[PDB]
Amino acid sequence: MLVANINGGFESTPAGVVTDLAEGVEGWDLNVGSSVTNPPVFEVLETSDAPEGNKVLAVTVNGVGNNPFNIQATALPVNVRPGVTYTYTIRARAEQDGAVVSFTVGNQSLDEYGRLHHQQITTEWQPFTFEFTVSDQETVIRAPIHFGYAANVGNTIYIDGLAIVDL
């Protein structure tokens, strides 16, 4: 497959808790804001139930902050061409009932090209997909996933299989 993003299924990353948020996971930048005073636990899990390869990224939400983007996992770099329309697909599920996530894509100056807003994540693996167009002249963009919703407290959200493909 020809994908714009890197390590979209976490296959290159050793299983275990992610402590180096910025650089511990190839193709991704994880971030926790200072208003989250009880930090989440990001963990790459080897699991037979992984939709893609052997591994998934698990995010356990303990505290939350002031905005849902205060807990995020961002795919970057994402290599694209100006004017092209892309399909974004990712798989997600949660440990408990009631999880919410927003899947977004935008540029390095923080202009957003598109998102799936407040998606209802269930206890079963489901695909979440949308289209977006690179409407400016950027070639290296980013794909921020927001997890810091109050509804997620106590929950673990699992993601796998990010693929951003020419449409």
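So that there is no doubt, residue numbering starts at 1 and follows the sequence shown.
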Original post:
What stretch has the higher average Cα B-factor here, 131-139 or 98-106?
Top reply: 131-139
Subject >> Stretch with the higher entry mean CA B-factor, where the candidates are 21-29 and 145-153 >> reply: 21-29
Original post:
Between 50, 41, 116, 57, where does the Cα B-factor run highest in the record?
Top reply: 50
**OP:** Taking the values exactly as deposited, rank residue 67 by C-alpha B-factor within its chain and report the matching third: lowest, middle or highest.
**Re:** middle
**OP:** Grab the CA temperature factor for residue 78 from the record and place it in the lowest, middle or highest third of its chain.
**Re:** lowest
Subject >> Assigned third (lowest, middle, highest) for the C-alpha B factor of residue 120 >> reply: lowest
